[PDB]
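Asks: in the first instance, please consider these chains from the complex; the rest will follow:
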Amino acid sequence: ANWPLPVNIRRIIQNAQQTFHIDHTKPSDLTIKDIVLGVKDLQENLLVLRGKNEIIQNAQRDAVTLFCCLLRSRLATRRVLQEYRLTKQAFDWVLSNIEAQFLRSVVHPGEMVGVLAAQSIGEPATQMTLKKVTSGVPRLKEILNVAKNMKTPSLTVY
Amino acid sequence: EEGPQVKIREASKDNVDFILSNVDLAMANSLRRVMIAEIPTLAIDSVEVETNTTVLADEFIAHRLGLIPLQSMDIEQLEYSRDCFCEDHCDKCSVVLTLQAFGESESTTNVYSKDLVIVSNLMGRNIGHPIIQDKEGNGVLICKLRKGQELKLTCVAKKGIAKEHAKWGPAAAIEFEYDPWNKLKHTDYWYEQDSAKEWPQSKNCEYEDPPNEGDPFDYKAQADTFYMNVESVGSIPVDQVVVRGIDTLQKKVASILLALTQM
Amino acid sequence: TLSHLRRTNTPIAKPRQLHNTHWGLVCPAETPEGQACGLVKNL
Amino acid sequence: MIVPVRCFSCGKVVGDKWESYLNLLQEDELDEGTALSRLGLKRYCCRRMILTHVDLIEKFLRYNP
């Protein structure tokens, strides 16, 4: 259940927990409609693409599915109310917040991922130097070259 | 008298083990440092080489000369060349010694500091004299010559301090301990079983009462009483390092006071 | 200087590995890093 | 190369104790250890200074010119 996703929601929450001094003794001013419909609406303003057509409008949905899952499981009615006594004000803030952050976590056109990746793999590779299989550099070499004569073949059946 | 008070135990031409009590650690230290680094002294700070048929390099020899201890009692009435209005040096801000040595015999001639020869006019002030504590009276072994080797120098000793250079330190080494039993708990000893059986016991304990088992921790006590000892190269008598030390530190302080004023 | 005069070079299956038989004859430690490691030996 | 004037570490003049030290060894037939202490060299910063010195000059002087 632990996967790297943009926007550390947990934090935003804590950052409302004390920015609005929320007391876990009095009741919230949140309407079940507020939360539920709010969380939903939030999911409409995340965006990563802005074409108005079908195809792209469907990609956009894909690239957000997961995060949203995170988002929904976190910003759920009980939770919002029972887990972290938010208030229409705090909650309302937390949303406007996520949106912006999300939008900030998008890649910028120009980002030279080609290299950025090549290096991200080459480096931790030059950190490798040493239960009977071919690993480390040799193997990585085996792979990148797309060798056919691999030393440790194997088939793993279930 | 007033605060700060001493209790000399030992004393001689070179050392002065003494107890400095009712002072702040900050001071015990400031004092200690100053002794080590800011008391002025005369020392060769320029060597003019005329001939060196030796086995040693010029600057190698020059370095050693600088290190050779010179008298410095009346240094307080010798100026800093940088303040003397002369061009370069004079007899108001320096002391020039000559070194001339020739390998005469075929039995290795040694060159000691006792061979430096004051050429300038001391002007009747005790200053710049190859200090000699040898038994045989040959202060420091400067160099050795062979069959017919020459060494003809001319040094100019100037006023200076441990800060520009260590050759100018009069102090040598200063012992310093406080709270021999760790009553003050300013340390946490490293042990394998009994930090008391593994760690030695300083002479200084004898001059203080133990910790008394069940007594609580004295959380208000600070550091009073310090057991020091000043060794002395000798350009200055030990008593002086302590005094001049105290003096200098005192002047340093005063100059800041004088500062605000001119401000 | 001593070390240079007591040096050994081996031009060109496993030759840079310190080898059993080397005991007693070649220094187990002294050898250059990388490049010619194990190839340059020292008696 | 000649006895260091003064100890790197603390500054205790030491160059005026080499010959003294040597004699204490040869004639007084003493062990390096006591010889040192008698010369007033009580701390190790000042004991390694002499104990370790390798008076190479005595070999440089045998070179004629």
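Replies: Happy to help now that I have it. Numbers count the residues shown, from 1 in each chain, chains lettered A, B, ... in the order given.
Asks: next, count neighbours for residue B:56.
Replies: 20 (other CB atoms under 10 Å in any protein chain shown). Yep, even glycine has a C-beta here, placed from its N, CA and C like the rest.
Asks: distance of it from residue B:149?
Replies: 10 Å (CB to CB, to the nearest Å).
Asks: ok, residue A:66 next?
Replies: Applying CB to CB to residue A:66 and residue B:149 gives a distance of 89 Å.
Asks: and if you look at residue D:56?
Replies: 16 Å.
Asks: for residue C:33, same thing?
Replies: Taken as CB to CB, the span from residue C:33 to residue B:149 is 46 Å.
Asks: between these two, who's got more neighbours?
Replies: Between residue C:33 and residue B:149, residue B:149 has the larger neighbour count (other CB under 10 Å), namely 22 against 6.
Asks: pretty sure that one contacts residue B:105?
Replies: No. If you go by CB atoms under 8 Å, residue B:149 and residue B:105 don't touch, sitting 11.6 Å apart.
Asks: next up, phi/psi of residue 28, please.
Replies: Just going to use chain A. phi -70, psi 170 (degrees, to the nearest 10).
Asks: what's the distance between the closest residue to it other than its chain neighbours and chain B?
Replies: For residue A:28, ignoring the flanking residues on the chain, the nearest one in space by CB to CB, 6 or more residues apart in numbering or on different chains is residue A:87 at 5.1 Å. Distance from residue A:87 to chain B, counting by CB to the nearest CB, to the nearest Å: 47 Å.
Asks: again, but for residue D:19
Replies: 7 Å.
Asks: pretty sure that residue sits in a strand.
Replies: No. Residue D:19: not assigned to a strand; according to DSSP: H, G, I helix; E, B strand; the rest coil it is helix.
Asks: up against chain B, what does chain A have?
Replies: Chain A has no residues near chain B, with proximity defined as CB under 8 Å from any CB of the partner chain.
Asks: what sits against residue 39?
Replies: Since no chain was named, I'll use chain A. A:71, A:72, A:75, A:76, A:95 (CB atoms under 8 Å, 6 or more residues apart in numbering or on different chains).
Asks: sorry, I should have been clearer: chain C.
Replies: C:9, C:10, C:11, C:15, C:16.
Asks: okay, now chain E:
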Amino acid sequence: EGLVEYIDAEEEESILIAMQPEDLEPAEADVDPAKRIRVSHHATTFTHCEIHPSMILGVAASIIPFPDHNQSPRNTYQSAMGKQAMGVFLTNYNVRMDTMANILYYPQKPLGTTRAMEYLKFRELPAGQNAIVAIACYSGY
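Replies: One more piece, chain E, placed on the ones above:
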């Protein structure tokens, strides 16, 4: 007088060699807990005995103190650095005119020697000083 022989790796194959003579030829008839542990002299066959294991080393490593209380590779590093050390490489450095020469002002024989430095003339032409060191976190510099 035949008390020694010259053996090459080939003949080495056919011989049994005791390390220490003593510790390896007494009959087994309490042990210092701080001394390392050695196995035993199990062999009614010894034909030779090592002059001295410290001899398996050579010039460079020979100057390392206790290289037998040191991680393998660190011994190799030191051996490569002892050759970049300064000191008097020859008492006649002054009479030799050669491309660069580095000499130490006050070379010191090491307080920590090796019974094999006597032959490598180290104490006579030392390369290094005996500094008072303190392993301690100070100014963080």
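Asks: now with chain E: the contacts of residue A:39?
Replies: A:71, A:72, A:75, A:76, A:95.
Asks: which one is residue E:57 nearest to, not counting chain neighbours?
Replies: Nearest to residue E:57 is residue C:27, by CB to CB, 6+ apart, at 5.5 Å.
Asks: next, count neighbours for that neighbour.
Replies: 24.
Asks: cool, and the one 5 residues further on?
Replies: Residues within reach of residue C:32, counting by other CB under 10 Å, total 16.
Asks: next up, the contacts around it.
Replies: Neighbours of residue C:32 in contact, by CB under 8 Å, 6+ apart: C:40, E:80.
Asks: element containing it?
Replies: Under the criterion DSSP states H and E, no helix or strand holds residue C:32.
Asks: now the closest residue to residue E:64 other than its chain neighbours: phi and psi?
Replies: Nearest non-adjacent residue to residue E:64, counting by CB to CB, 6+ apart: residue E:78, 5.5 Å away. For residue E:78, the backbone dihedrals (degrees, to the nearest 10) come out as phi -50, psi -40.
Asks: I figured residue E:78 hits residue E:65, correct?
Replies: No. Using CB under 8 Å, residue E:78 is not in contact with residue E:65; the gap is 10.0 Å.
Asks: so which bits of chain E are right by chain C?
Replies: Counting by CB under 8 Å from any CB, chain E sits next to chain C at E:9, E:12, E:50, E:55-61, E:64, E:67, E:72, E:75-77, E:79-80, E:82-83, E:89, E:120.
Asks: same thing but 7 Å
Replies: By the rule CB under 7 Å from any CB of the partner chain, the part of chain E lying against chain C is E:9, E:56-61, E:75-76, E:79-80, E:83, E:89, E:120.
Asks: name the SS class of residue B:185, please.
Replies: On the basis of three-state DSSP, residue B:185 is classed as coil.
Asks: contacting residues around it?
Replies: Going by CB atoms under 7 Å, 6 or more residues apart in numbering or on different chains, residue B:185 touches residue B:217.
Asks: rewinding a little: now the residues of chain E next to chain C: which count as buried?
Replies: E:56, E:57, E:58, E:59, E:60, E:61, E:75, E:76, E:79, E:89, E:120 (16 or more other CB atoms under 10 Å in any protein chain shown).
Asks: one more, chain F:
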Amino acid sequence: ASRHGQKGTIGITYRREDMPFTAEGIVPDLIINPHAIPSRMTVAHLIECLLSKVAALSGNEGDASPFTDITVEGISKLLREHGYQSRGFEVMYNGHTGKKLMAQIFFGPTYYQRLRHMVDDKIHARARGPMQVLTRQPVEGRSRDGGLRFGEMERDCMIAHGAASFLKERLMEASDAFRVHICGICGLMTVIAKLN
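Replies: This next block brings in chain F, placed alongside the chains you saw above:
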């Protein structure tokens, strides 16, 4: 470097005072960071100190010969007889303050080498000097006042930083920079330049 594969450059020099000191008034000529020890497992180093200390004290040559029965105990036993903590630790006071140091320190003498290769012999630093006649590119080595290699690898990084302009400025305005005239029909440098 010590004698145990542990090299290091100086990072600053402190005068006697600023240095931590021994109650005896002894101060170190050198200070190394404890952190360069756990991992390098270069224990002998530590030992050698224990030994060299005892030795200097008792004016005895310390025998750190390899395969011997010399123990860290037998030594620690000797050093204590010499009035010192059996391991090399010694209460020390902070030079600035004079106060005691809450942590005793490993203090003793250790043989240290002065390796060649000294900063000043390396400090090269050029700002457009002489260039090669063949490539019109900066020359090699510092003895010649050359340029530093901004090779392949450095380039990739710049590309990775997305700093396009800088790159151009590095691979051009500094080093190779040349103006050529071309035929607007056969892109060859076959155009006779008669500027006047």
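Asks: same question on the contacts of residue A:39, but now with chain F added
Replies: Here residue A:39 is in contact with A:72, A:75 (CB under 7 Å, 6+ apart).
Asks: and the helix or strand encompassing it, C-alpha only, in CSV?
Replies: Assigned by DSSP H and E, residue A:39 belongs to helix A:32-42. These are the backbone C-alpha positions of helix A:32-42, laid out as CSV (Å, rounded to 0.1, in the frame of the first residue of the first chain):
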residue,chain,number,x,y,z
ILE,A,32,-22.2,15.6,4.2
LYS,A,33,-22.9,17.2,0.8
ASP,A,34,-19.9,19.6,1.3
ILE,A,35,-17.4,16.8,1.9
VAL,A,36,-18.6,14.2,-0.6
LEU,A,37,-19.4,16.6,-3.4
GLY,A,38,-16.3,18.6,-2.6
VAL,A,39,-14.0,15.7,-2.8
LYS,A,40,-15.7,14.7,-6.0
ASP,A,41,-15.3,18.2,-7.5
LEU,A,42,-11.7,18.3,-6.5
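Asks: helix or strand next in line after that helix, which one?
Replies: helix A:54-62.
Asks: picking up where we left off before, any buried residues in the helix holding residue A:39, and which?
Replies: A:34, A:35, A:38, A:39, A:42.
Asks: chain F against chain A: which residues are in contact?
Replies: Counting by CB under 7 Å from any CB, chain F sits next to chain A at F:156, F:159, F:160, F:162.
Asks: distance of the third one from chain D?
Replies: So the one you mean is residue F:160. 50 Å.
Asks: my guess is that residue meets residue A:114, correct?
Replies: No. With contact defined as CB atoms under 7 Å, residue F:160 does not count as touching residue A:114 (8.9 Å).
Asks: those two - which one has more neighbours?
Replies: Higher neighbour count among residue F:160 and residue A:114: residue F:160, with 18 against 11, using other CB under 10 Å.
Asks: wait, a helix at residue B:261?
Replies: Yes. Checked against three-state DSSP, residue B:261 lies within a helix.
Asks: show me what contacts it?
Replies: Taking CB under 7 Å, 6+ apart as the definition, residue B:261 has no contacts.
Asks: tell me how far it lies from chain D.
Replies: For residue B:261 relative to chain D (CB to the nearest CB), the value is 37 Å.
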